[PDB]
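Have a look at the structure below before the remarks.
Read the figures in this text as sums done on the coordinates, not as results from a lab. Note: ideal-geometry Cβ built from the backbone for every residue, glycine included; neighbour counts use all protein chains shown.
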Amino acid sequence: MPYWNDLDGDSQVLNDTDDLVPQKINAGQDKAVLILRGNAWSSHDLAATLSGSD
Amino acid sequence: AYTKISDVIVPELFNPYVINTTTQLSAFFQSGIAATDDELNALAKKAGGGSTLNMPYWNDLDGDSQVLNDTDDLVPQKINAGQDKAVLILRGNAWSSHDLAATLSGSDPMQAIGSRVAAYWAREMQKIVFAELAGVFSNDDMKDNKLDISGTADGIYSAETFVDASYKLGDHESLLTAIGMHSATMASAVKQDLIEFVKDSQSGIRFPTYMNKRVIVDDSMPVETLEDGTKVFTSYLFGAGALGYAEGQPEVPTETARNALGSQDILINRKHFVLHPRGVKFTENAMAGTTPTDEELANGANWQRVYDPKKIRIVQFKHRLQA
Amino acid sequence: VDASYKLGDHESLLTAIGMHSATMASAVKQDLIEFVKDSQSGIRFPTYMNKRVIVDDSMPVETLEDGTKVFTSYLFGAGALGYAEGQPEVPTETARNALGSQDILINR
Amino acid sequence: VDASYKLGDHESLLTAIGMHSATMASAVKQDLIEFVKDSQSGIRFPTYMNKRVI
């Protein structure tokens, strides 16, 4: 899980002494869970033919 | 390490796409001007620390046209277009993230990253102009003829005070197109009034519409607090058609550079543009710099107008909400 | 509108609304809540203001004294949250059995 | 509205509406029940709201 936070842009100014720099902002964890699911069909010929012709 | 017309950095084939994409994704437009005349593309060529430029009215007019006869010959002639001084501003930044955001967008962002930056400067223009007007037009005694209030205990902003504020220009009409709004107000409105969701034409989907005018939603509005429950809102009414702006151009529009000790790289833009109402004149006082001034300092005080009354063209009214 | 401010740094980012049936009963009882066919293609989704609403009866519910009902109705319209596919192998299998006479499908 | 939402989960499943004559008399008096040729072709059938009425 990275944060790119889209564009992010802002202003500053162009002056005699200074120069722009991008930002960083306190990168933390990221936190997620990959999950696993799946099941069967109680079907008789139920699903196949009962669902129809084709 | 990829196609990356930015990290293989073709400055051509890129920058014009950027600016154009900015113009016709952004809105406004219109409302204000789009693709201002060569005049301002000329005085936009390259100038220096102002003040700004002039920037005529447009036209010429007169009064009288005297009684031409024998003698008392013509008189070549009278004017009344002298100044309207304004600001030229300079902006820019890098891109926040690494090449992480840049090509995280994808492989060949010939369009993509361009669209990105474009939408960005769109929002920019939005904020700068909006805060600019708000900083100046309302606070002085010179503009008072363009503001209405009521706004004590009596009024809902529906169907009527909209008429008054609409006609506070008594000569000119059907010059109202855009309408500035605070969210809560349009909430009251979409409750009571008929404000209507209309895809206008071809193509694209869509915007809200009150009447005949194309409304502009904005987050930032000055909001006061008076005792007893009251909240007074601004929501400028202009849709003049228009304001104006000209770009100019800096040096080195886009520069691809990286770093070493850390893992990053940086993209940069730094464009100049010139935008302001005409409209009031920008004086020089109480400001550091330069140039530009600032956001704040571009607001807080010290502007001065000369026309006066008509062909400004903007109005505001502070109305009580729906109580 | 208050909660519509409540997005911390954000306003005018809203998208949808989570809801329970009773509230939207109050809604389409009183207010204008629009029947919108806008997005393509079909009819339709209930629309409060420029925005879809996701309605399902399964929600939380509270109970106070005086037998009164607090409702939840998440208001987010973030745009967005996210999910990435991933895949196993053997997307779909065909199989049958001996004693109990059928054939079954599985996907996972 | 109440009877309409007595199904709290499911909605936009209401299409036909059964009616007694006297009721729709009261309705066409007060309410907006509106005569609409709708499908193509043929004319026509009453309508309360998007629902066809019977």
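For the range B:258-323, the extents of the C-alpha atoms along the principal axes are 59, 40, 23 Å, listed from largest to smallest. Angle of helix B:183-192 to the longest C-alpha principal axis of chain B, folded into 0 to 90 degrees and rounded to 10: 60°.
Modelled this way, with points 7 Å down the Cα-to-C-beta line, the labels at B:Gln83 and B:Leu297 are 2.0 nm from one another. The slack between B:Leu261 and B:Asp72, meaning 0.36 nm per residue of separation minus the straight C-alpha distance, is 59.8 nm.
Look at the dipole of the range B:35-178 built from charges on Cβ: of B:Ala153, B:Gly92, B:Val163, the Cα furthest out on the positive end belongs to B:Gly92. For chain A, the Kirkwood radius over C-alpha pairs fed into Stokes-Einstein at 10 °C and 1.306 mPa s yields D = 87 µm² per second.
What is the magnitude of the charge dipole of the range B:1-80 about its Cα centre, with +1 placed on the Cβ of each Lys and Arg, -1 on the Cβ of each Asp and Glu, and no other charges, expressed in debye to the nearest 20? For the range B:1-80, the charge dipole is close to 800 debye. Each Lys and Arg Cβ is given +1 and each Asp and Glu Cβ -1; about its Cα centre, the protein assembly as shown then shows a dipole of about 1320 debye.
For chain C, modelled as a GNM whose springs connect Cα atoms under 10 angstrom apart, the maximal fluctuation among C:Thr15, C:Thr94, C:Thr72 occurs at C:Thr94.
For chain B, the mean residue ellipticity at 222 nm estimated from helices alone is -6000 deg cm²/dmol, where every DSSP H run of n ≥ 4 contributes -39500 (n - 2.57) and the total is divided by all residues, rounded to the nearest 500.
Given R₀ = 41 Å, what would the calculated FRET efficiency be for B:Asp62 paired with B:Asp218, taking r from the Cβ atoms and rounding to 0.05?
For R0 = 41 Å, the calculated efficiency reads 0.55.
Cα centroid separation, the range C:1-76 to the range B:192-214: 23 Å.
With a cut-off of 15 Å between beta carbons, the residues surrounding C:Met24 carry a summed charge of -1, where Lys and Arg count +1 and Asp and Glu -1.
Computed over chain B with a Gaussian network model linking Cα atoms closer than 10 Å, the most mobile of B:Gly82, B:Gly229, B:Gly170 is B:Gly229. Dipole check for chain B: with +1 at the C-beta of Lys and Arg, -1 at the C-beta of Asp and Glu, and the Cα centre as origin, the magnitude is about 900 Debye.
Which entries in B:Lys191/C:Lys29; C:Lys69/D:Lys51; A:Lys24/B:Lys4; B:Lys213/C:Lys29 show an alpha-carbon gap greater than 20 Å? Flagged as over cut-off: C:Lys69/D:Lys51; A:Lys24/B:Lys4; B:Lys213/C:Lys29.
Model label sites at B:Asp193 and D:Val36, defined 7 Å from Cα along the beta-carbon direction, differ in position by 2.8 nm. Based on alpha-carbon atoms, the Kirkwood radius and the radius of gyration of the range B:25-84 give Rg/Rh equal to 1.18.
Under the definition of Cα pairs under 8 Å and six or more residues apart, what whole-number percent is the relative contact order of chain B?
Relative CO of chain B lands at 30 percent.
Radius of gyration (Cα atoms) of the range B:240-286, expressed as a multiple of 2.2 N^0.38 Å: 1.90. I need the Debye-formula profile for the protein assembly as shown: one equal scatterer per C-alpha, no solvent, reported as log10 I(q)/I(0) at q = 0.07, 0.08, 0.09, 0.10 1/Å, two decimals. For the protein assembly as shown at q = 0.07, 0.08, 0.09, 0.10 Å⁻¹, log10 I(q)/I(0) is -0.63, -0.79, -0.96, -1.11. From largest to smallest, the equivalent ellipsoid semi-axes obtained for the range B:39-133 from the alpha-carbon gyration tensor read 51, 14, 12 Å. Spin-label model, A:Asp54 to D:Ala3: label points 7 Å out along the Cα-to-beta-carbon direction sit 4.4 nm apart. Per residue, the convex hull spanned by the Cα atoms of chain B amounts to 211 cubic angstrom. Charge tally for B:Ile33 (other residues, Cβ to Cβ under 14 Å; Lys, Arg +1; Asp, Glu -1): -2. Of the trypsin sites (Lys or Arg not before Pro) found in the range B:165-222, those that fall in a DSSP loop while having at most 13 other beta-carbon atoms within 10 Å are B:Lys199, B:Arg206. Considering only B:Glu295, B:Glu227, B:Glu124, the mean-square fluctuation computed in a Gaussian network model of chain B, springs between alpha carbons under 10 angstrom, is largest for B:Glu227. Over all other residues within a Cβ to Cβ distance under 14 Å of B:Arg206, the charged ones net out to 0, with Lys and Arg as +1 and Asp and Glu as -1.
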